[PDB]
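As you go down the protein sequences, you meet chains A and B in turn. In this text, residue positions in the first sequence follow the entry's author numbering: the first is 249, and each later residue adds one. In this text, residue positions in the second sequence follow the entry's author numbering: the first is 426, and each later residue adds one. Here the structure comes first, spelled out in structure tokens, and everything after it is commentary.
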Amino acid sequence: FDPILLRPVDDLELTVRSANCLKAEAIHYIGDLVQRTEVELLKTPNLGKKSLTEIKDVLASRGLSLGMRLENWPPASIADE
Amino acid sequence: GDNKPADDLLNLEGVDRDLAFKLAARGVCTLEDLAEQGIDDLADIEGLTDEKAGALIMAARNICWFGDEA
């Protein structure tokens with residue numbers, strides 16, 4: 249289970265503003281970020297031009313926003329525990 | 426500053442001259458500048474609502490990103 253996804257968007261080294269954008273969509277775990285594609289996010293005003301830049305910075309790590317798709321969220325790695 | 430709305434912002438669909446003036450009052454002048462504003466920046470004006478402000482942001486951004494296509 250990618251630790252960057254399990255970590256709360258608030259944990260992002262970026263200012264809370266970065267997480268506030270995605271979090272505004274009721275998102276607390278970066279994992280949800282990979283659940284939705286950036287396009288679906290760019291189609292919402294809640295995101296600001298500056299917020300997009302912060303996403304690219306975190307996306308540079310390729311740890312989140314890799315356009316992945318999860319059926320629920322907890323990968324086989326997390327398993328029951 | 427008069428902050429007059431540019432033809433692009435005034436020619437934006439879903440926005441009237443009154444709304445274009447209020448949005449331009451925030452230094453915005455071209456539809457592109459309007460897209461730079463965020464839903465929180467639009468809340469500054471009561472005339473605009475968080476839902477209506479966001480709809481204007483995507484509409485303006487869509488025009489720029491989809492401006493290549495008629």
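Heads up, the beta-carbon is just placed ideally off N, CA and C, and yes, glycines get one too.
Along the stretch 474 to 485 of chain B, the positions whose C-beta sits under 8 Å from a C-beta of chain A are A478, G479, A480, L481, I482, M483, read in chain order.
The alpha-carbon separation between B/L435 and A/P293 amounts to approximately 19 Å. Under the three-state reduction of DSSP output, A/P256 falls in the strand class. Chain order gives no chain B residues near A/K271, where near means a beta carbon separation below 9 Å; the closest approach is about 13 Å. Below the 8 Å Cβ cutoff, chain B contributes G479, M483 as neighbours of A/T292, in chain order.
Contacts between B/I464 and chain A, judged by CB atoms closer than 7 Å, involve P293, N294 in chain order. Residues are counted here when their Cβ sits less than 9 Å from a Cβ of chain A; for the stretch 437 to 466 of chain B these are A460, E461, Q462, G463, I464, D465, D466, given in chain order. Between A/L290 and the set A/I278, A/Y277, A/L253, A/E273, the nearest pair of CA atoms involves A/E273. Within chain B, no residue has its beta carbon less than 9 Å from that of A/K304; the closest one is some 16 Å off.
The C-alpha of B/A450 lies about 42 Å from the C-alpha of A/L254.
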